[PDB]
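Comments concern the structure below.
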Amino acid sequence: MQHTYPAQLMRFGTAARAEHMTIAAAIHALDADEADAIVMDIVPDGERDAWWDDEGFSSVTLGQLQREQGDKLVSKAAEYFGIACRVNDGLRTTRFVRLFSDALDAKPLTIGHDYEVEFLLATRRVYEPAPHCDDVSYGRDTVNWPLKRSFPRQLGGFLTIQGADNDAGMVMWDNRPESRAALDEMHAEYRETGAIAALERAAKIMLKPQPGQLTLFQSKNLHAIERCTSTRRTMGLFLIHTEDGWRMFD
Amino acid sequence: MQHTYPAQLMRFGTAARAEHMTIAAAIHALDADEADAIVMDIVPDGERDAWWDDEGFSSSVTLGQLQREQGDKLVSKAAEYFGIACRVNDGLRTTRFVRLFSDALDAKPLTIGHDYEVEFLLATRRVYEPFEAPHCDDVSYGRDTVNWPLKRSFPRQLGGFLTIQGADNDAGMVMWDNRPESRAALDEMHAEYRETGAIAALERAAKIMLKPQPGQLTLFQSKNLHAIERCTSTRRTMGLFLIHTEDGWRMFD
Ligand SMILES: O=C(O)CCC(=O)C(=O)O
Ligand SMILES: [Zn+2]
Ligand SMILES: [Zn+2]
């Protein structure tokens with residue numbers, strides 16, 4: 001019997017809906033492709049810092065691991081999976097991770113047929129004063145990347161703990177790059193002209209997550225974090241709905 | 001003050017020297033290229049079961065198994081290897097076998113790529129059962145040359161294994177005075193003997209035949225080709241490898 005929370009449901013070029021729902025129901029709305037992003041008021045104002053100082057929080061992300069090639073990919077994978085082995089036991093315990101493992105019966109993503117080892121669960125991110133999309137299969141080194149299945153409804157979930165003075169949010173475009181190369185090419189176009197031609201007439205959503213707000217979104221859509229004037233602290237992970245169930249990783 | 005143990009020190013083509021030695025002294029002589037293999041009597045007849053039953057072992061992918069993978073299966077097996085090592089090593093750290101070396105040499109687990117330092121697997125227990133191949137061990141010998149991330153060879157890399165139970169056969173170890181240059185050279189010797197029975201270069205090479213007994217620790221330069229004989233009954237050993245890095249002695253399996 002699960003908590004229920006105010007939620008704003010966003011979809012490209014349609015009016016933002018206001019609803020009130022469980023974490024489970026928001027994630028299922030996303031997974032059914034009935035929303036592009038959903039912003040929920042999760043943590044009451046006097047309780048935010050405790051989610052950050054959660055004892056279970058005591059690095060290398062999948063997105064960083066993905067940018068690596070050749071021997072460097074093998075080495076950085078050793079580091080990524082070695083850290084995950086060290087930290088996930090505590091991470092499982094945090095309030096943040098438990099939102100998802102309670103609501104979905106989610107478990108850490110695992111790799112290996114013969115022994116199953118965990119991806120990293122989640123990270124706390126601090127921002128101090130270019131578009132990407134996240135897809136578990138988008139390693140730069142195609143031939144060596146071992147995750148080949150793309151999940152169309154891959155989700156990002158981040159809880160904002162401390163907002164910036166400028167109330168710097170997140171932009172998402174109705175544009176879903178087909179691979180890492182495709183994203184590298186747009187980067188190239190941005191760092192050669194400053195624009196991405198295709199983003200011009202592309203439908204878009206503006207999000208302004210506040211502290212205590214959990215933002216859930218389809219991460220395959222191109223998106224960017226606005227520049228902050230001030231300290232921004234978030235906690236984040238990603239979700240894919242695999243054949244064995246919901247799996248978390250970051 | 002360190003225990004000394006009876007030791008046989010072997011060098012190719014020459015009579016074995018008997019010496020009582022500490023673990024550090026045998027390791028230093030190997031690292032100095034003053035011996036090819038040393039066999040030491042470590043654990044007396046009361047106690048061999050205890051070293052195996054050590055709670056540090058309860059409760060693996062080996063580096064040599066990892067080295068056999070290529071491309072995406074290498075990235076995958078390495079996740080398994082390093083993800084597993086961290087579960088298993090806290091216990092292994094504690095085992096009297098591993099302590100034998102970490103006490104003697106101030107050895108630590110080998111780590112990779114230290115911004116974060118994650119551990120290699122420390123060691124293994126090995127059961128060999130009745131079975132109707134010549135290899136060498138060198139941390140650099142990944143089959144997939146471009147993607148294997150440990151590109152430095154250590155010429156004094158050591159293998160160390162304690163025998164716990166010997167086959168009825170008294171199956172032991174042969175080591176030749178031959179050091180293959182890479183994983184491909186070794187792979188070609190495997191192709192050669194499967195098509196030929198023998199290995200052209202081995203009939204010119206001196207060989208040391210070893211028969212280590214329960215309780216005995218065999219330390220040797222693992223870059224020399226070696227092979228364990230066919231066992232008639234179950235044989236049990238515990239093993240790891242050592243390299244002497246700029247930061248000190250490191251242990252991995
Ligand atoms: O466990 C043993 O008998 C020795 C195995 C071996 O070949 C090694 O130590 O590399
Ligand atoms: Zn993202
Ligand atoms: Zn060997």
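How things are named: the first chain in the structure tokens is A, the next is B, and so on; residues count from 1 in each chain; ligands count from 1 in the order shown.
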message: So that I can check the surroundings of stretch 10-16 of chain A, please list as a list in words every protein, DNA and RNA residue that reaches within 8 Å of it, counting only C-alpha atoms and ignoring chain neighbours fewer than 2 positions away.
response: residues 8, 18, 34, 35, 36, 37, 38, 174, 203, 204 and 205 of chain A
Contacts of residue B:105 within 9 Å, only C-alpha atoms, excl. fewer than 5 positions in-chain, as a list in words: residues 23, 24, 27, 100, 248 and 249 of chain B
Keeping N, CA, C and O atoms for every residue in the selection just given, could you write it to a file as a PDB file, in the first residue's frame?
```
ATOM      1  N   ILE B  23      60.031 -17.855   4.006  1.00  0.00           N
ATOM      2  CA  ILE B  23      59.301 -17.537   2.769  1.00  0.00           C
ATOM      3  C   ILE B  23      59.930 -16.316   2.020  1.00  0.00           C
ATOM      4  O   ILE B  23      60.168 -16.354   0.810  1.00  0.00           O
ATOM      5  N   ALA B  24      60.196 -15.197   2.724  1.00  0.00           N
ATOM      6  CA  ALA B  24      60.867 -14.048   2.073  1.00  0.00           C
ATOM      7  C   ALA B  24      62.169 -14.349   1.360  1.00  0.00           C
ATOM      8  O   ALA B  24      62.406 -13.798   0.258  1.00  0.00           O
ATOM      9  N   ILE B  27      61.494 -16.289  -1.948  1.00  0.00           N
ATOM     10  CA  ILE B  27      60.863 -15.397  -2.902  1.00  0.00           C
ATOM     11  C   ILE B  27      61.943 -14.464  -3.443  1.00  0.00           C
ATOM     12  O   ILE B  27      62.035 -14.244  -4.662  1.00  0.00           O
ATOM     13  N   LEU B 100      50.311 -16.204   4.478  1.00  0.00           N
ATOM     14  CA  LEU B 100      51.671 -16.671   4.320  1.00  0.00           C
ATOM     15  C   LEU B 100      52.496 -15.647   3.514  1.00  0.00           C
ATOM     16  O   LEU B 100      53.603 -15.302   3.895  1.00  0.00           O
ATOM     17  N   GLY B 248      55.594  -2.568  -4.493  1.00  0.00           N
ATOM     18  CA  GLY B 248      55.661  -3.707  -3.609  1.00  0.00           C
ATOM     19  C   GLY B 248      55.067  -4.969  -4.293  1.00  0.00           C
ATOM     20  O   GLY B 248      54.597  -4.878  -5.428  1.00  0.00           O
ATOM     21  N   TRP B 249      55.106  -6.090  -3.565  1.00  0.00           N
ATOM     22  CA  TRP B 249      54.714  -7.453  -3.991  1.00  0.00           C
ATOM     23  C   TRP B 249      53.247  -7.441  -4.132  1.00  0.00           C
ATOM     24  O   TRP B 249      52.554  -6.993  -3.244  1.00  0.00           O
TER      25      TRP B 249
END
```
- prompt: For chain B, which residues have at least one atom within 6 Å of chain A, if we go by only C-alpha atoms? Write them as JSON, numbers by chain, please.
  reply: {"B": [71, 72, 75, 78, 79, 80, 82, 83, 118, 147, 148, 149]}
message: Just list as a PyMOL selection string whatever in stretch 60-157 of chain A DSSP marks as alpha helix (DSSP H).
response: chain A and resi 62-65+71-91+95-104
- prompt: Please, which residues have at least one atom within 7 Å of an atom of ligand 3, using only C-alpha atoms and all ligand atoms, listed as a list in words?
  reply: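 Residues lying within 7 Å of ligand 3: residues 135, 136, 137, 159, 222 and 226 of chain B.
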- request: All residues within 6 Å of ligand 1 are required, counting only C-alpha atoms and all ligand atoms; please report them as a PyMOL selection string.
  value: chain B and resi 159-161+237+239
- request: Can you tell me which residues come within 10 Å of ligand 2 when counting only C-alpha atoms and all ligand atoms, ideally as a ChimeraX atom specification?
  value: /A:63,131-135,155-158,170,172,217-225,236-238
- request: Would you mind listing what lies within 10 Å of residue B:30 as number ranges by chain, with only C-alpha atoms counted and same-chain residues fewer than 4 positions away left out?
  value: B: 9, 24-26, 34-38, 156-158, 219-221
statement: From the list B:238, B:190, B:4, B:166, the nearest residue to residue B:97 using only C-alpha atoms is B:238
- request: Enter the distance from atom CA of residue A:39 to atom CA of residue A:169, in Å, rounded to one decimal.
  value: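 For atom CA of residue A:39 relative to atom CA of residue A:169, the distance reads 11.8 Å.
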- prompt: Using only C-alpha atoms, which of the listed residues (B:124, B:22, B:178, B:169) sits closest to residue B:229?
  reply: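 Residue with the minimum atom-to-atom distance to residue B:229: B:169.
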- prompt: Mind checking DSSP for stretch 26-214 of chain B and telling me the strand (DSSP E or B) residues as a PyMOL selection string?
  reply: chain B and resi 37-41+108-109+111-112+114+116+118-119+124-128+135+158-165+173-176+207-210
Just to be explicit: take each residue in the selection above, keep N, CA and C atoms, and write the result as a JSON list (two decimals), in the first residue's frame.
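Contents of result_13.json, as written:
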```
[["chain", "number", "residue", "atom", "x", "y", "z"],
["B", 37, "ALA", "N", 62.82, -22.82, -9.47],
["B", 37, "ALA", "CA", 61.73, -23.33, -8.67],
["B", 37, "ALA", "C", 62.25, -23.63, -7.27],
["B", 38, "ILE", "N", 61.42, -23.41, -6.25],
["B", 38, "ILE", "CA", 61.80, -23.79, -4.86],
["B", 38, "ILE", "C", 60.64, -24.56, -4.21],
["B", 39, "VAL", "N", 60.93, -25.71, -3.60],
["B", 39, "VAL", "CA", 59.88, -26.53, -2.96],
["B", 39, "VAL", "C", 60.18, -26.54, -1.46],
["B", 40, "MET", "N", 59.22, -26.11, -0.65],
["B", 40, "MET", "CA", 59.42, -25.89, 0.80],
["B", 40, "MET", "C", 58.39, -26.69, 1.57],
["B", 41, "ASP", "N", 58.80, -27.24, 2.70],
["B", 41, "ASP", "CA", 57.91, -28.03, 3.52],
["B", 41, "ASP", "C", 57.22, -27.14, 4.53],
["B", 108, "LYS", "N", 50.28, -7.13, -1.17],
["B", 108, "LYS", "CA", 48.88, -6.72, -1.16],
["B", 108, "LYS", "C", 48.24, -7.29, -2.44],
["B", 109, "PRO", "N", 46.90, -7.34, -2.51],
["B", 109, "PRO", "CA", 46.30, -7.73, -3.80],
["B", 109, "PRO", "C", 46.68, -6.80, -4.93],
["B", 111, "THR", "N", 46.14, -4.37, -7.93],
["B", 111, "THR", "CA", 44.93, -3.57, -8.24],
["B", 111, "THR", "C", 45.02, -3.06, -9.67],
["B", 112, "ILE", "N", 43.88, -2.75, -10.26],
["B", 112, "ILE", "CA", 43.95, -2.13, -11.58],
["B", 112, "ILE", "C", 43.54, -0.69, -11.55],
["B", 114, "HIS", "N", 44.69, 2.56, -10.82],
["B", 114, "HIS", "CA", 44.30, 3.26, -9.59],
["B", 114, "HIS", "C", 44.07, 4.78, -9.69],
["B", 116, "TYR", "N", 40.55, 4.85, -8.87],
["B", 116, "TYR", "CA", 39.98, 3.92, -7.91],
["B", 116, "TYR", "C", 40.80, 2.68, -8.09],
["B", 118, "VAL", "N", 40.74, -1.16, -7.85],
["B", 118, "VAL", "CA", 39.89, -2.32, -7.59],
["B", 118, "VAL", "C", 40.78, -3.54, -7.65],
["B", 119, "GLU", "N", 40.47, -4.56, -6.86],
["B", 119, "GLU", "CA", 41.40, -5.69, -6.66],
["B", 119, "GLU", "C", 41.23, -6.79, -7.72],
["B", 124, "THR", "N", 43.12, -18.98, -5.50],
["B", 124, "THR", "CA", 42.12, -20.03, -5.68],
["B", 124, "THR", "C", 42.48, -21.35, -5.03],
["B", 125, "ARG", "N", 41.44, -22.11, -4.70],
["B", 125, "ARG", "CA", 41.56, -23.51, -4.38],
["B", 125, "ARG", "C", 41.27, -24.31, -5.59],
["B", 126, "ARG", "N", 42.02, -25.39, -5.80],
["B", 126, "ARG", "CA", 41.98, -26.07, -7.10],
["B", 126, "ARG", "C", 41.78, -27.56, -6.87],
["B", 127, "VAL", "N", 40.76, -28.14, -7.49],
["B", 127, "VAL", "CA", 40.65, -29.59, -7.46],
["B", 127, "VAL", "C", 40.94, -30.10, -8.88],
["B", 128, "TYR", "N", 41.81, -31.09, -8.96],
["B", 128, "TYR", "CA", 42.11, -31.72, -10.22],
["B", 128, "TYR", "C", 41.60, -33.16, -10.08],
["B", 135, "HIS", "N", 51.71, -24.86, -20.50],
["B", 135, "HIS", "CA", 51.36, -23.44, -20.57],
["B", 135, "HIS", "C", 52.40, -22.64, -19.81],
["B", 158, "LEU", "N", 56.01, -14.98, -10.34],
["B", 158, "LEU", "CA", 56.02, -16.30, -9.70],
["B", 158, "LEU", "C", 54.69, -16.96, -9.57],
["B", 159, "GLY", "N", 54.63, -18.29, -9.71],
["B", 159, "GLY", "CA", 53.46, -19.02, -9.26],
["B", 159, "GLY", "C", 53.81, -19.64, -7.91],
["B", 160, "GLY", "N", 52.81, -19.72, -7.00],
["B", 160, "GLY", "CA", 53.06, -20.38, -5.71],
["B", 160, "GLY", "C", 51.82, -21.24, -5.47],
["B", 161, "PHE", "N", 52.06, -22.53, -5.21],
["B", 161, "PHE", "CA", 50.96, -23.39, -4.87],
["B", 161, "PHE", "C", 51.35, -24.37, -3.76],
["B", 162, "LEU", "N", 50.42, -24.52, -2.82],
["B", 162, "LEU", "CA", 50.56, -25.45, -1.71],
["B", 162, "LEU", "C", 49.76, -26.67, -2.07],
["B", 163, "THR", "N", 50.38, -27.84, -2.00],
["B", 163, "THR", "CA", 49.65, -29.09, -2.26],
["B", 163, "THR", "C", 48.98, -29.55, -0.96],
["B", 164, "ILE", "N", 47.70, -29.90, -1.07],
["B", 164, "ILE", "CA", 46.93, -30.33, 0.07],
["B", 164, "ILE", "C", 46.67, -31.84, 0.02],
["B", 165, "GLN", "N", 46.32, -32.38, -1.16],
["B", 165, "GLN", "CA", 46.12, -33.80, -1.40],
["B", 165, "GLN", "C", 46.67, -34.17, -2.79],
["B", 173, "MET", "N", 54.75, -31.98, -11.64],
["B", 173, "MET", "CA", 54.85, -30.81, -12.54],
["B", 173, "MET", "C", 56.16, -30.91, -13.25],
["B", 174, "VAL", "N", 56.16, -30.61, -14.54],
["B", 174, "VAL", "CA", 57.32, -30.58, -15.35],
["B", 174, "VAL", "C", 57.53, -29.09, -15.75],
["B", 175, "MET", "N", 58.74, -28.54, -15.68],
["B", 175, "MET", "CA", 58.94, -27.19, -16.19],
["B", 175, "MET", "C", 60.15, -27.23, -17.09],
["B", 176, "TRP", "N", 60.02, -26.62, -18.27],
["B", 176, "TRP", "CA", 61.08, -26.55, -19.24],
["B", 176, "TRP", "C", 61.79, -25.26, -19.29],
["B", 207, "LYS", "N", 64.71, -29.76, -18.62],
["B", 207, "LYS", "CA", 63.47, -29.80, -17.92],
["B", 207, "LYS", "C", 63.69, -30.19, -16.45],
["B", 208, "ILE", "N", 62.88, -29.59, -15.59],
["B", 208, "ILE", "CA", 62.92, -29.92, -14.19],
["B", 208, "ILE", "C", 61.63, -30.70, -13.92],
["B", 209, "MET", "N", 61.73, -31.94, -13.42],
["B", 209, "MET", "CA", 60.53, -32.65, -12.97],
["B", 209, "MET", "C", 60.33, -32.52, -11.48],
["B", 210, "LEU", "N", 59.14, -32.07, -11.11],
["B", 210, "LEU", "CA", 58.84, -31.82, -9.73],
["B", 210, "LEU", "C", 57.72, -32.78, -9.31]]
```
field: Å distance separating atom CA of residue B:28 from atom CA of residue B:60, one decimal place
entry: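 These atoms are spaced 29.3 Å apart.
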- prompt: Of the candidates B:63, B:122, B:88, B:167, which shows the shortest atom-to-atom distance to residue B:107, using only C-alpha atoms?
  reply: B:122
message: Quick one: residues within 9 Å of residue A:21, only C-alpha atoms, excluding same-chain residues fewer than 6 positions away - as a list in words?
response: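 Selected residues are residues 3, 4, 5, 6, 7 and 40 of chain A.
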Writing out the chosen residues with N, CA and C atoms as a PDB file, in the first residue's frame:
```
ATOM      1  N   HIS A   3       2.730   5.058  -1.178  1.00  0.00           N
ATOM      2  CA  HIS A   3       2.504   6.484  -1.059  1.00  0.00           C
ATOM      3  C   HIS A   3       1.965   7.062  -2.339  1.00  0.00           C
ATOM      4  N   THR A   4       1.204   8.148  -2.269  1.00  0.00           N
ATOM      5  CA  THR A   4       0.743   8.840  -3.493  1.00  0.00           C
ATOM      6  C   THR A   4       1.169  10.319  -3.436  1.00  0.00           C
ATOM      7  N   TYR A   5       1.478  10.884  -4.603  1.00  0.00           N
ATOM      8  CA  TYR A   5       2.127  12.173  -4.704  1.00  0.00           C
ATOM      9  C   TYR A   5       1.595  12.998  -5.872  1.00  0.00           C
ATOM     10  N   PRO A   6       1.631  14.348  -5.771  1.00  0.00           N
ATOM     11  CA  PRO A   6       1.313  15.221  -6.919  1.00  0.00           C
ATOM     12  C   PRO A   6       2.277  14.901  -8.067  1.00  0.00           C
ATOM     13  N   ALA A   7       1.785  14.895  -9.297  1.00  0.00           N
ATOM     14  CA  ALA A   7       2.639  14.550 -10.429  1.00  0.00           C
ATOM     15  C   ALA A   7       2.236  15.491 -11.578  1.00  0.00           C
ATOM     16  N   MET A  40       7.279  14.637 -10.010  1.00  0.00           N
ATOM     17  CA  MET A  40       6.487  14.301  -8.835  1.00  0.00           C
ATOM     18  C   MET A  40       7.062  14.980  -7.623  1.00  0.00           C
TER      19      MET A  40
END
```
query: So how far away is atom CA of residue A:122 from atom CA of residue A:138, in Å?
result: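 These two atoms are separated by 18.7 Å.
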task: Excluding stretch 48-57 of chain B and residues on its chain fewer than 6 positions from it, collect all residues at most 7 Å away from it, counting only C-alpha atoms, and give them as a ChimeraX atom specification.
output: /B:91-92,94-97,164,215
Could you take the residues named above and write them with N, CA, C and O atoms, as an mmCIF file, in the first residue's frame?
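Below you can see result-v1.cif, which holds the result:
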```cif
data_model
loop_
_atom_site.group_PDB
_atom_site.id
_atom_site.type_symbol
_atom_site.label_atom_id
_atom_site.label_comp_id
_atom_site.auth_asym_id
_atom_site.auth_seq_id
_atom_site.Cartn_x
_atom_site.Cartn_y
_atom_site.Cartn_z
ATOM 1 N N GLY B 91 37.204 -12.393 2.473
ATOM 2 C CA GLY B 91 37.563 -13.711 2.996
ATOM 3 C C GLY B 91 38.970 -14.231 2.673
ATOM 4 O O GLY B 91 39.706 -14.683 3.553
ATOM 5 N N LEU B 92 39.362 -14.186 1.392
ATOM 6 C CA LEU B 92 40.678 -14.692 0.980
ATOM 7 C C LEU B 92 41.805 -13.983 1.718
ATOM 8 O O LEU B 92 42.719 -14.660 2.161
ATOM 9 N N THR B 94 42.138 -13.316 4.492
ATOM 10 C CA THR B 94 42.083 -13.749 5.888
ATOM 11 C C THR B 94 42.634 -15.166 6.014
ATOM 12 O O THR B 94 42.934 -15.694 7.099
ATOM 13 N N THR B 95 42.798 -15.784 4.853
ATOM 14 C CA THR B 95 43.123 -17.181 4.798
ATOM 15 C C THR B 95 44.634 -17.330 5.168
ATOM 16 O O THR B 95 45.453 -16.423 4.909
ATOM 17 N N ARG B 96 44.993 -18.420 5.836
ATOM 18 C CA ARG B 96 46.389 -18.576 6.275
ATOM 19 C C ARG B 96 47.299 -18.730 5.077
ATOM 20 O O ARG B 96 48.407 -18.198 5.068
ATOM 21 N N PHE B 97 46.804 -19.420 4.034
ATOM 22 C CA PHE B 97 47.524 -19.424 2.730
ATOM 23 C C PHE B 97 47.861 -17.996 2.288
ATOM 24 O O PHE B 97 49.005 -17.728 2.046
ATOM 25 N N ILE B 164 47.700 -29.896 -1.070
ATOM 26 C CA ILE B 164 46.925 -30.332 0.070
ATOM 27 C C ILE B 164 46.671 -31.842 0.025
ATOM 28 O O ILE B 164 46.781 -32.466 1.051
ATOM 29 N N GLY B 215 51.448 -30.717 1.903
ATOM 30 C CA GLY B 215 52.187 -29.884 2.849
ATOM 31 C C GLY B 215 53.274 -29.051 2.209
ATOM 32 O O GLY B 215 53.772 -28.112 2.819
#
```
task: Write out as a list in words each polymer residue whose atoms come within 8 Å of residue A:168, counting only C-alpha atoms; drop sequence neighbours fewer than 6 positions from it.
output: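 That gives residues 208, 225, 226, 227, 228 and 229 of chain A.
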task: May I have the residues within 8 Å of residue B:18 as a PyMOL selection string, using only C-alpha atoms and disregarding those fewer than 4 positions away in the same chain?
output: chain B and resi 6-9
